[PDB]
Amino acid sequence: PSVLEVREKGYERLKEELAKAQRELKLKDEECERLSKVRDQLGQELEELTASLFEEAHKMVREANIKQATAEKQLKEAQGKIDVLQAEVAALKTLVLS
Amino acid sequence: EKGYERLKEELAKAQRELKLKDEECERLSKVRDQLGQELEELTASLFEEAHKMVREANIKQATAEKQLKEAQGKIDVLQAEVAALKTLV
Amino acid sequence: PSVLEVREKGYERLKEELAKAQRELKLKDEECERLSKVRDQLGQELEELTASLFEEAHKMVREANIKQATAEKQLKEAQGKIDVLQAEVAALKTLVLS
Amino acid sequence: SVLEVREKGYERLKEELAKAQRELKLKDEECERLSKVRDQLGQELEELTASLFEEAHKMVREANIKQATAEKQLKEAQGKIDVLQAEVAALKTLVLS
């Protein structure tokens, strides 16, 4: 009797709730897709920035090595000049002290 | 250097948000599945009820038709007796 | 080569493995979407078939009720005719008795 | 045989739907597995990246230190050259006096 009417009402009601859940799930899925694409773009940008930072570090190391090598070569020349000047200094001091 | 840490934190935040909404989507999917199963069981019950209604309606129809046939046979007998009695008169 | 060209090899190796996992995951996701659409189409078709079966059931019930009602009305007519014929049988029996 | 016909078609389509459901569930589990693998690889790449940054900073600092040392020793050598040249000028001024 009335239980059958509650059964048909429950059938159409449950069908409508199922459709509503489908709509909500589809909408939130699309939102998840948007956020996933945003996440991928941010990841790629961070990837490029990371590579750029690594290259920049290597470049700075190379430049420091170049300046170091220049300073060391100029140091060798300066040491030879120091040896010459010290020999001439010893000669002059020995000449004065007589 | 500032851009690296900022962008990194933004990426981590986007990861957290995406994970949250994904888990919510999974919850809604499970709810949807439960509703579908409930509709399946209710549908089966409704089919059993429908078969019951068809069988009962067919039974009642057969009963009414049978009683009509019996009444028609009785009419035939009574008409034969009426014809015989009128032939007697 | 140094740290740059060694950690570049390892870094790019792990990076490529991650890219491979991402591509495979995307492919399987797309297949899940296709199969999900197939499932939805089959479900909707099952809904239509179910509705058709219910409508057919109600139609058969209605037709059976119609035939039953016709048989009952004709039964009432038959009962009245039986009453008339029985009255005529008793009356003619009384006439022949006299 | 009405019920057998409608039951046959209904159960046929229902069984096809069940098959689609099983396939979808299997592929979903596969997607979850692949997602976990992807996450593990991503975390490993994060840790490796941090290590690479620490090592890179180490290399930059050490290279700058070595450059500063060589330049400082060069400055000391230049100062010593200036001192020795002043001593040569003074001594030659004494000899020429």
# chains A, B, ... in the order shown; residues from 1 in each chain; ligands from 1
>>> residues_around(residues="stretch 61-75 of chain A", least_positions_apart="4", cutoff="9 Å", atoms="only C-alpha atoms", output="PyMOL selection string")
(chain A and resi 56-57+79-80) or (chain D and resi 59-75+77-78)
>>> calpha_fit_and_write(fixed="chain C", moving="chain A", output="compact mmCIF listing (two decimals) with C-alpha atoms, in the first residue's frame")
# COMPACT_ATOMS: atom_id res chain seq x y z
CA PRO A 1 84.83 14.60 -7.32
CA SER A 2 83.07 11.53 -8.73
CA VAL A 3 80.12 12.09 -6.38
CA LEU A 4 79.41 15.32 -8.26
CA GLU A 5 79.35 13.42 -11.56
CA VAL A 6 76.92 10.93 -10.01
CA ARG A 7 74.92 13.97 -8.86
CA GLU A 8 74.62 15.46 -12.36
CA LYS A 9 73.91 12.02 -13.83
CA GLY A 10 71.23 11.53 -11.19
CA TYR A 11 69.81 14.96 -12.02
CA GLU A 12 69.37 14.32 -15.76
CA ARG A 13 68.32 10.71 -15.14
CA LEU A 14 65.70 11.70 -12.56
CA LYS A 15 64.45 14.40 -14.93
CA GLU A 16 63.99 11.84 -17.72
CA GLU A 17 62.17 9.43 -15.38
CA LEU A 18 59.90 12.27 -14.27
CA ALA A 19 59.07 13.02 -17.91
CA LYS A 20 58.39 9.33 -18.60
CA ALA A 21 56.07 9.12 -15.58
CA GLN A 22 54.30 12.21 -16.93
CA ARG A 23 53.79 10.53 -20.31
CA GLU A 24 52.48 7.29 -18.77
CA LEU A 25 50.16 9.18 -16.41
CA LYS A 26 48.78 11.29 -19.26
CA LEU A 27 48.14 8.26 -21.48
CA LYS A 28 46.39 6.31 -18.72
CA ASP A 29 44.37 9.42 -17.83
CA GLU A 30 43.13 9.67 -21.43
CA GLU A 31 42.20 5.98 -21.30
CA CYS A 32 40.28 6.65 -18.07
CA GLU A 33 38.41 9.44 -19.85
CA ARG A 34 37.45 7.07 -22.67
CA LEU A 35 36.18 4.45 -20.20
CA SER A 36 34.29 7.16 -18.30
CA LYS A 37 32.47 8.28 -21.45
CA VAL A 38 31.66 4.65 -22.32
CA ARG A 39 30.30 4.18 -18.79
CA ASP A 40 28.13 7.29 -19.16
CA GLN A 41 26.69 6.08 -22.47
CA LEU A 42 25.90 2.65 -20.99
CA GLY A 43 24.25 4.32 -18.01
CA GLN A 44 22.05 6.47 -20.24
CA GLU A 45 21.04 3.44 -22.32
CA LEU A 46 20.13 1.50 -19.17
CA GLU A 47 18.16 4.55 -17.99
CA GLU A 48 16.07 4.67 -21.16
CA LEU A 49 15.48 0.91 -21.07
CA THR A 50 14.40 1.15 -17.42
CA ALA A 51 11.88 3.90 -18.18
CA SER A 52 10.53 1.87 -21.10
CA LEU A 53 10.09 -1.16 -18.84
CA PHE A 54 8.20 0.89 -16.25
CA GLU A 55 5.85 2.31 -18.88
CA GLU A 56 5.33 -1.19 -20.29
CA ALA A 57 4.39 -2.48 -16.83
CA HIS A 58 1.86 0.31 -16.32
CA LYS A 59 0.39 -0.36 -19.77
CA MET A 60 -0.01 -4.08 -19.03
CA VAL A 61 -1.72 -3.25 -15.72
CA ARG A 62 -4.11 -0.88 -17.51
CA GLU A 63 -5.01 -3.48 -20.14
CA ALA A 64 -5.63 -6.12 -17.47
CA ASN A 65 -7.90 -3.66 -15.65
CA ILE A 66 -9.84 -3.00 -18.87
CA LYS A 67 -10.41 -6.70 -19.56
CA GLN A 68 -11.38 -7.24 -15.92
CA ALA A 69 -13.96 -4.44 -16.07
CA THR A 70 -15.41 -5.85 -19.30
CA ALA A 71 -15.65 -9.33 -17.77
CA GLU A 72 -17.38 -7.93 -14.68
CA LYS A 73 -19.98 -5.97 -16.67
CA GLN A 74 -20.68 -8.98 -18.90
CA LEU A 75 -20.92 -10.98 -15.67
CA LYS A 76 -23.64 -8.66 -14.37
CA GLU A 77 -25.61 -9.02 -17.61
CA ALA A 78 -25.13 -12.80 -17.44
CA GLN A 79 -26.42 -12.82 -13.85
CA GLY A 80 -29.58 -10.98 -14.85
CA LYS A 81 -30.09 -13.46 -17.68
CA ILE A 82 -29.57 -16.28 -15.17
CA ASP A 83 -32.28 -14.82 -12.94
CA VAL A 84 -34.73 -14.61 -15.85
CA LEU A 85 -33.96 -18.15 -17.03
CA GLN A 86 -34.31 -19.49 -13.49
CA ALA A 87 -37.73 -17.84 -13.09
CA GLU A 88 -38.89 -19.30 -16.41
CA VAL A 89 -37.47 -22.68 -15.33
CA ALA A 90 -39.42 -22.58 -12.06
CA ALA A 91 -42.58 -21.68 -13.98
CA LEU A 92 -42.11 -24.55 -16.45
CA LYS A 93 -41.34 -27.13 -13.75
CA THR A 94 -44.36 -26.02 -11.72
CA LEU A 95 -46.49 -26.25 -14.88
CA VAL A 96 -45.35 -29.80 -15.69
CA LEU A 97 -45.67 -31.11 -12.12
CA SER A 98 -49.44 -31.11 -11.61
>>> atom_distance(atom1="atom CA of residue D:38", atom2="atom CA of residue D:22")
24.4 Å
>>> atom_distance(atom1="atom CA of residue B:37", atom2="atom CA of residue B:19")
27.2 Å
>>> atom_distance(atom1="atom CA of residue B:46", atom2="atom CA of residue D:16")
21.5 Å
>>> closest_residue(among="B:74, B:87, B:20, B:61", to="chain C", atoms="only C-alpha atoms")
B:61
>>> interface_residues(of="chain D", to="chain B", cutoff="12 Å", atoms="only C-alpha atoms", output="list in words")
residues 2, 3, 6, 7, 10, 11, 14, 18, 21, 25, 28, 32, 35, 39, 42, 43, 46, 49, 50 and 53 of chain D
>>> interface_residues(of="chain B", to="chain C", cutoff="10 Å", atoms="only C-alpha atoms", output="ChimeraX atom specification")
/B:36,43,46-47,50-51,53-79,81-86,88-89
>>> write_last_selection(atoms="N, CA and C atoms", output="tab-separated table (two decimals), in the first residue's frame")
chain	number	residue	atom	x	y	z
B	36	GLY	N	24.60	4.35	-5.94
B	36	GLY	CA	24.31	3.46	-7.06
B	36	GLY	C	23.93	2.06	-6.61
B	43	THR	N	15.90	-1.14	-7.01
B	43	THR	CA	15.39	-1.51	-8.32
B	43	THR	C	15.00	-2.98	-8.36
B	46	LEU	N	11.78	-3.43	-6.60
B	46	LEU	CA	10.67	-2.93	-7.41
B	46	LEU	C	10.32	-3.90	-8.52
B	47	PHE	N	11.32	-4.56	-9.10
B	47	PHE	CA	11.04	-5.57	-10.12
B	47	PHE	C	10.26	-6.74	-9.54
B	50	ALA	N	6.77	-5.64	-9.19
B	50	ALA	CA	6.11	-5.56	-10.49
B	50	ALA	C	5.66	-6.93	-10.97
B	51	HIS	N	6.54	-7.93	-10.85
B	51	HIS	CA	6.16	-9.29	-11.22
B	51	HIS	C	4.98	-9.77	-10.38
B	53	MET	N	2.61	-7.85	-9.13
B	53	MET	CA	1.41	-7.17	-9.63
B	53	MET	C	0.91	-7.80	-10.93
B	54	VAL	N	1.83	-8.13	-11.85
B	54	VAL	CA	1.42	-8.76	-13.11
B	54	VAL	C	0.75	-10.10	-12.84
B	55	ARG	N	1.37	-10.92	-11.99
B	55	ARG	CA	0.79	-12.23	-11.69
B	55	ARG	C	-0.59	-12.11	-11.06
B	56	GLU	N	-0.74	-11.20	-10.09
B	56	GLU	CA	-2.04	-11.05	-9.43
B	56	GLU	C	-3.11	-10.55	-10.39
B	57	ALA	N	-2.77	-9.56	-11.23
B	57	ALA	CA	-3.73	-9.06	-12.21
B	57	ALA	C	-4.16	-10.16	-13.17
B	58	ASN	N	-3.20	-10.98	-13.64
B	58	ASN	CA	-3.55	-12.08	-14.52
B	58	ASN	C	-4.45	-13.09	-13.82
B	59	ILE	N	-4.20	-13.35	-12.54
B	59	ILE	CA	-5.02	-14.29	-11.78
B	59	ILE	C	-6.45	-13.77	-11.67
B	60	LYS	N	-6.61	-12.50	-11.29
B	60	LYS	CA	-7.95	-11.94	-11.15
B	60	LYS	C	-8.69	-11.94	-12.49
B	61	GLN	N	-7.99	-11.61	-13.58
B	61	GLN	CA	-8.60	-11.66	-14.90
B	61	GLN	C	-9.08	-13.07	-15.22
B	62	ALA	N	-8.23	-14.07	-14.96
B	62	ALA	CA	-8.61	-15.45	-15.24
B	62	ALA	C	-9.82	-15.87	-14.42
B	63	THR	N	-9.88	-15.45	-13.15
B	63	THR	CA	-11.03	-15.78	-12.31
B	63	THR	C	-12.31	-15.18	-12.87
B	64	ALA	N	-12.29	-13.88	-13.21
B	64	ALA	CA	-13.49	-13.25	-13.75
B	64	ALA	C	-13.93	-13.90	-15.05
B	65	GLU	N	-12.98	-14.26	-15.91
B	65	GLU	CA	-13.33	-14.90	-17.17
B	65	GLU	C	-13.91	-16.29	-16.94
B	66	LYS	N	-13.35	-17.02	-15.98
B	66	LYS	CA	-13.87	-18.35	-15.65
B	66	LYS	C	-15.31	-18.27	-15.15
B	67	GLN	N	-15.57	-17.36	-14.20
B	67	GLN	CA	-16.94	-17.20	-13.70
B	67	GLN	C	-17.89	-16.79	-14.83
B	68	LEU	N	-17.41	-15.98	-15.77
B	68	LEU	CA	-18.24	-15.64	-16.92
B	68	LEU	C	-18.55	-16.86	-17.77
B	69	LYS	N	-17.56	-17.73	-17.99
B	69	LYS	CA	-17.78	-18.94	-18.76
B	69	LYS	C	-18.80	-19.86	-18.08
B	70	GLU	N	-18.65	-20.06	-16.77
B	70	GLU	CA	-19.62	-20.86	-16.03
B	70	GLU	C	-21.02	-20.29	-16.16
B	71	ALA	N	-21.16	-18.97	-16.01
B	71	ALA	CA	-22.47	-18.34	-16.14
B	71	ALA	C	-23.04	-18.55	-17.54
B	72	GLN	N	-22.18	-18.53	-18.56
B	72	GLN	CA	-22.65	-18.73	-19.93
B	72	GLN	C	-23.12	-20.16	-20.14
B	73	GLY	N	-22.40	-21.15	-19.60
B	73	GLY	CA	-22.88	-22.52	-19.67
B	73	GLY	C	-24.22	-22.69	-19.00
B	74	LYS	N	-24.38	-22.11	-17.80
B	74	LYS	CA	-25.68	-22.16	-17.13
B	74	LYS	C	-26.77	-21.52	-17.98
B	75	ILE	N	-26.43	-20.43	-18.68
B	75	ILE	CA	-27.39	-19.79	-19.58
B	75	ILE	C	-27.78	-20.74	-20.70
B	76	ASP	N	-26.81	-21.47	-21.26
B	76	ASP	CA	-27.11	-22.43	-22.32
B	76	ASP	C	-28.06	-23.51	-21.82
B	77	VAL	N	-27.80	-24.05	-20.63
B	77	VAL	CA	-28.68	-25.09	-20.08
B	77	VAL	C	-30.09	-24.54	-19.88
B	78	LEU	N	-30.20	-23.36	-19.26
B	78	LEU	CA	-31.51	-22.79	-18.99
B	78	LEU	C	-32.26	-22.48	-20.28
B	79	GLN	N	-31.55	-22.04	-21.32
B	79	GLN	CA	-32.19	-21.77	-22.60
B	79	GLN	C	-32.67	-23.05	-23.26
B	81	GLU	N	-33.64	-25.75	-21.64
B	81	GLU	CA	-34.84	-26.17	-20.90
B	81	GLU	C	-36.03	-25.28	-21.24
B	82	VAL	N	-35.79	-23.98	-21.46
B	82	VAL	CA	-36.87	-23.08	-21.84
B	82	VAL	C	-37.42	-23.46	-23.21
B	83	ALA	N	-36.53	-23.74	-24.17
B	83	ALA	CA	-36.98	-24.16	-25.49
B	83	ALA	C	-37.78	-25.46	-25.41
B	84	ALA	N	-37.32	-26.41	-24.59
B	84	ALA	CA	-38.04	-27.67	-24.44
B	84	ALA	C	-39.43	-27.45	-23.84
B	85	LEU	N	-39.51	-26.64	-22.78
B	85	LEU	CA	-40.79	-26.39	-22.13
B	85	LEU	C	-41.75	-25.65	-23.06
B	86	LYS	N	-41.24	-24.68	-23.82
B	86	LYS	CA	-42.10	-23.98	-24.78
B	86	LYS	C	-42.55	-24.91	-25.90
B	88	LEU	N	-43.14	-28.02	-25.39
B	88	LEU	CA	-44.18	-28.82	-24.75
B	88	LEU	C	-45.54	-28.12	-24.80
B	89	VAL	N	-45.56	-26.82	-24.51
B	89	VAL	CA	-46.80	-26.05	-24.53
B	89	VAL	C	-47.34	-25.94	-25.95
>>> interface_residues(of="chain D", to="chain C", cutoff="6 Å", atoms="only C-alpha atoms", output="tab-separated table (two decimals) with N, CA and C atoms, in the first residue's frame")
chain	number	residue	atom	x	y	z
D	17	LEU	N	27.65	-3.81	-18.00
D	17	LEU	CA	27.97	-2.71	-17.10
D	17	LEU	C	28.91	-3.15	-15.99
D	20	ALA	N	32.39	-3.30	-17.33
D	20	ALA	CA	32.96	-1.96	-17.42
D	20	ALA	C	33.39	-1.45	-16.04
D	24	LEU	N	37.21	-0.41	-15.02
D	24	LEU	CA	37.47	0.93	-14.49
D	24	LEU	C	38.16	0.87	-13.13
D	34	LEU	N	50.77	4.15	-9.98
D	34	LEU	CA	51.65	5.04	-10.74
D	34	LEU	C	51.79	6.40	-10.06
D	38	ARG	N	55.24	8.13	-8.85
D	38	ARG	CA	55.58	9.49	-9.24
D	38	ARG	C	55.92	10.35	-8.03
D	41	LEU	N	59.41	9.43	-6.71
D	41	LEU	CA	60.45	10.00	-7.57
D	41	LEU	C	60.58	11.50	-7.36
>>> decode(residues="stretch 45-76 of chain C", atoms="N, CA, C and O atoms", output="PDB file, in the first residue's frame")
ATOM      1  N   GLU C  45      22.056   3.706 -20.377  1.00  0.00           N
ATOM      2  CA  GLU C  45      21.285   2.751 -21.166  1.00  0.00           C
ATOM      3  C   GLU C  45      20.519   1.791 -20.264  1.00  0.00           C
ATOM      4  O   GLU C  45      19.348   1.479 -20.525  1.00  0.00           O
ATOM      5  N   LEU C  46      21.160   1.317 -19.190  1.00  0.00           N
ATOM      6  CA  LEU C  46      20.468   0.455 -18.238  1.00  0.00           C
ATOM      7  C   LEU C  46      19.310   1.182 -17.567  1.00  0.00           C
ATOM      8  O   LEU C  46      18.277   0.567 -17.271  1.00  0.00           O
ATOM      9  N   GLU C  47      19.456   2.488 -17.331  1.00  0.00           N
ATOM     10  CA  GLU C  47      18.349   3.270 -16.785  1.00  0.00           C
ATOM     11  C   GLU C  47      17.170   3.281 -17.750  1.00  0.00           C
ATOM     12  O   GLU C  47      16.020   3.050 -17.352  1.00  0.00           O
ATOM     13  N   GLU C  48      17.443   3.548 -19.030  1.00  0.00           N
ATOM     14  CA  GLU C  48      16.376   3.577 -20.027  1.00  0.00           C
ATOM     15  C   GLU C  48      15.676   2.226 -20.124  1.00  0.00           C
ATOM     16  O   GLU C  48      14.440   2.152 -20.153  1.00  0.00           O
ATOM     17  N   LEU C  49      16.455   1.140 -20.173  1.00  0.00           N
ATOM     18  CA  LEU C  49      15.858  -0.191 -20.233  1.00  0.00           C
ATOM     19  C   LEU C  49      15.003  -0.474 -19.003  1.00  0.00           C
ATOM     20  O   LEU C  49      13.915  -1.056 -19.114  1.00  0.00           O
ATOM     21  N   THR C  50      15.470  -0.058 -17.823  1.00  0.00           N
ATOM     22  CA  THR C  50      14.695  -0.263 -16.602  1.00  0.00           C
ATOM     23  C   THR C  50      13.364   0.480 -16.666  1.00  0.00           C
ATOM     24  O   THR C  50      12.306  -0.082 -16.348  1.00  0.00           O
ATOM     25  N   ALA C  51      13.401   1.747 -17.087  1.00  0.00           N
ATOM     26  CA  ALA C  51      12.169   2.517 -17.230  1.00  0.00           C
ATOM     27  C   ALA C  51      11.210   1.843 -18.204  1.00  0.00           C
ATOM     28  O   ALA C  51      10.006   1.741 -17.935  1.00  0.00           O
ATOM     29  N   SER C  52      11.729   1.375 -19.344  1.00  0.00           N
ATOM     30  CA  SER C  52      10.885   0.678 -20.310  1.00  0.00           C
ATOM     31  C   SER C  52      10.248  -0.563 -19.697  1.00  0.00           C
ATOM     32  O   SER C  52       9.068  -0.850 -19.943  1.00  0.00           O
ATOM     33  N   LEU C  53      11.009  -1.314 -18.896  1.00  0.00           N
ATOM     34  CA  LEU C  53      10.456  -2.517 -18.281  1.00  0.00           C
ATOM     35  C   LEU C  53       9.353  -2.180 -17.284  1.00  0.00           C
ATOM     36  O   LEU C  53       8.329  -2.874 -17.224  1.00  0.00           O
ATOM     37  N   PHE C  54       9.532  -1.109 -16.506  1.00  0.00           N
ATOM     38  CA  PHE C  54       8.492  -0.714 -15.558  1.00  0.00           C
ATOM     39  C   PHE C  54       7.229  -0.261 -16.283  1.00  0.00           C
ATOM     40  O   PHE C  54       6.113  -0.664 -15.922  1.00  0.00           O
ATOM     41  N   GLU C  55       7.389   0.568 -17.320  1.00  0.00           N
ATOM     42  CA  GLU C  55       6.239   1.005 -18.105  1.00  0.00           C
ATOM     43  C   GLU C  55       5.507  -0.181 -18.718  1.00  0.00           C
ATOM     44  O   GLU C  55       4.271  -0.225 -18.719  1.00  0.00           O
ATOM     45  N   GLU C  56       6.254  -1.154 -19.249  1.00  0.00           N
ATOM     46  CA  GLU C  56       5.622  -2.342 -19.812  1.00  0.00           C
ATOM     47  C   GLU C  56       4.861  -3.117 -18.745  1.00  0.00           C
ATOM     48  O   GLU C  56       3.762  -3.629 -19.001  1.00  0.00           O
ATOM     49  N   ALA C  57       5.423  -3.209 -17.536  1.00  0.00           N
ATOM     50  CA  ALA C  57       4.744  -3.913 -16.455  1.00  0.00           C
ATOM     51  C   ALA C  57       3.420  -3.234 -16.098  1.00  0.00           C
ATOM     52  O   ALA C  57       2.382  -3.891 -15.992  1.00  0.00           O
ATOM     53  N   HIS C  58       3.460  -1.909 -15.917  1.00  0.00           N
ATOM     54  CA  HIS C  58       2.238  -1.174 -15.596  1.00  0.00           C
ATOM     55  C   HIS C  58       1.213  -1.288 -16.718  1.00  0.00           C
ATOM     56  O   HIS C  58       0.004  -1.362 -16.460  1.00  0.00           O
ATOM     57  N   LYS C  59       1.676  -1.307 -17.970  1.00  0.00           N
ATOM     58  CA  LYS C  59       0.758  -1.446 -19.096  1.00  0.00           C
ATOM     59  C   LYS C  59       0.080  -2.811 -19.086  1.00  0.00           C
ATOM     60  O   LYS C  59      -1.138  -2.906 -19.287  1.00  0.00           O
ATOM     61  N   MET C  60       0.851  -3.878 -18.852  1.00  0.00           N
ATOM     62  CA  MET C  60       0.256  -5.210 -18.791  1.00  0.00           C
ATOM     63  C   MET C  60      -0.751  -5.303 -17.652  1.00  0.00           C
ATOM     64  O   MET C  60      -1.831  -5.889 -17.812  1.00  0.00           O
ATOM     65  N   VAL C  61      -0.419  -4.722 -16.495  1.00  0.00           N
ATOM     66  CA  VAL C  61      -1.355  -4.719 -15.373  1.00  0.00           C
ATOM     67  C   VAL C  61      -2.642  -3.998 -15.760  1.00  0.00           C
ATOM     68  O   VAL C  61      -3.750  -4.479 -15.491  1.00  0.00           O
ATOM     69  N   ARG C  62      -2.510  -2.836 -16.409  1.00  0.00           N
ATOM     70  CA  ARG C  62      -3.691  -2.078 -16.816  1.00  0.00           C
ATOM     71  C   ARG C  62      -4.563  -2.879 -17.778  1.00  0.00           C
ATOM     72  O   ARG C  62      -5.793  -2.907 -17.636  1.00  0.00           O
ATOM     73  N   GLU C  63      -3.947  -3.543 -18.761  1.00  0.00           N
ATOM     74  CA  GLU C  63      -4.725  -4.322 -19.721  1.00  0.00           C
ATOM     75  C   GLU C  63      -5.439  -5.482 -19.038  1.00  0.00           C
ATOM     76  O   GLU C  63      -6.617  -5.752 -19.318  1.00  0.00           O
ATOM     77  N   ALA C  64      -4.745  -6.176 -18.130  1.00  0.00           N
ATOM     78  CA  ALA C  64      -5.383  -7.259 -17.389  1.00  0.00           C
ATOM     79  C   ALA C  64      -6.573  -6.744 -16.588  1.00  0.00           C
ATOM     80  O   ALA C  64      -7.621  -7.399 -16.525  1.00  0.00           O
ATOM     81  N   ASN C  65      -6.429  -5.567 -15.972  1.00  0.00           N
ATOM     82  CA  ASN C  65      -7.549  -4.976 -15.244  1.00  0.00           C
ATOM     83  C   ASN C  65      -8.712  -4.662 -16.178  1.00  0.00           C
ATOM     84  O   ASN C  65      -9.879  -4.834 -15.806  1.00  0.00           O
ATOM     85  N   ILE C  66      -8.414  -4.200 -17.395  1.00  0.00           N
ATOM     86  CA  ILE C  66      -9.477  -3.887 -18.351  1.00  0.00           C
ATOM     87  C   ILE C  66     -10.252  -5.148 -18.715  1.00  0.00           C
ATOM     88  O   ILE C  66     -11.491  -5.179 -18.658  1.00  0.00           O
ATOM     89  N   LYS C  67      -9.533  -6.216 -19.078  1.00  0.00           N
ATOM     90  CA  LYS C  67     -10.208  -7.462 -19.430  1.00  0.00           C
ATOM     91  C   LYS C  67     -11.006  -8.009 -18.252  1.00  0.00           C
ATOM     92  O   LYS C  67     -12.121  -8.518 -18.428  1.00  0.00           O
ATOM     93  N   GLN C  68     -10.451  -7.909 -17.042  1.00  0.00           N
ATOM     94  CA  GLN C  68     -11.179  -8.348 -15.855  1.00  0.00           C
ATOM     95  C   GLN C  68     -12.481  -7.572 -15.689  1.00  0.00           C
ATOM     96  O   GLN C  68     -13.536  -8.159 -15.418  1.00  0.00           O
ATOM     97  N   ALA C  69     -12.428  -6.246 -15.849  1.00  0.00           N
ATOM     98  CA  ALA C  69     -13.634  -5.437 -15.697  1.00  0.00           C
ATOM     99  C   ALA C  69     -14.684  -5.799 -16.741  1.00  0.00           C
ATOM    100  O   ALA C  69     -15.880  -5.895 -16.426  1.00  0.00           O
ATOM    101  N   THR C  70     -14.255  -6.027 -17.986  1.00  0.00           N
ATOM    102  CA  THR C  70     -15.198  -6.435 -19.024  1.00  0.00           C
ATOM    103  C   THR C  70     -15.851  -7.767 -18.668  1.00  0.00           C
ATOM    104  O   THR C  70     -17.077  -7.921 -18.761  1.00  0.00           O
ATOM    105  N   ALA C  71     -15.038  -8.737 -18.243  1.00  0.00           N
ATOM    106  CA  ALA C  71     -15.570 -10.042 -17.863  1.00  0.00           C
ATOM    107  C   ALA C  71     -16.554  -9.925 -16.705  1.00  0.00           C
ATOM    108  O   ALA C  71     -17.547 -10.656 -16.653  1.00  0.00           O
ATOM    109  N   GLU C  72     -16.283  -9.025 -15.755  1.00  0.00           N
ATOM    110  CA  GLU C  72     -17.187  -8.863 -14.619  1.00  0.00           C
ATOM    111  C   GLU C  72     -18.512  -8.235 -15.039  1.00  0.00           C
ATOM    112  O   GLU C  72     -19.578  -8.653 -14.568  1.00  0.00           O
ATOM    113  N   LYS C  73     -18.473  -7.235 -15.924  1.00  0.00           N
ATOM    114  CA  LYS C  73     -19.719  -6.636 -16.398  1.00  0.00           C
ATOM    115  C   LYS C  73     -20.556  -7.657 -17.162  1.00  0.00           C
ATOM    116  O   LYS C  73     -21.758  -7.824 -16.902  1.00  0.00           O
ATOM    117  N   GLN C  74     -19.927  -8.362 -18.107  1.00  0.00           N
ATOM    118  CA  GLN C  74     -20.632  -9.417 -18.827  1.00  0.00           C
ATOM    119  C   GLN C  74     -21.140 -10.491 -17.875  1.00  0.00           C
ATOM    120  O   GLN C  74     -22.184 -11.102 -18.128  1.00  0.00           O
ATOM    121  N   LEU C  75     -20.418 -10.736 -16.779  1.00  0.00           N
ATOM    122  CA  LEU C  75     -20.896 -11.671 -15.768  1.00  0.00           C
ATOM    123  C   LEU C  75     -22.173 -11.167 -15.110  1.00  0.00           C
ATOM    124  O   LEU C  75     -23.098 -11.947 -14.857  1.00  0.00           O
ATOM    125  N   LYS C  76     -22.237  -9.865 -14.809  1.00  0.00           N
ATOM    126  CA  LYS C  76     -23.455  -9.308 -14.228  1.00  0.00           C
ATOM    127  C   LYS C  76     -24.635  -9.455 -15.184  1.00  0.00           C
ATOM    128  O   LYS C  76     -25.727  -9.887 -14.777  1.00  0.00           O
TER     129      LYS C  76
END
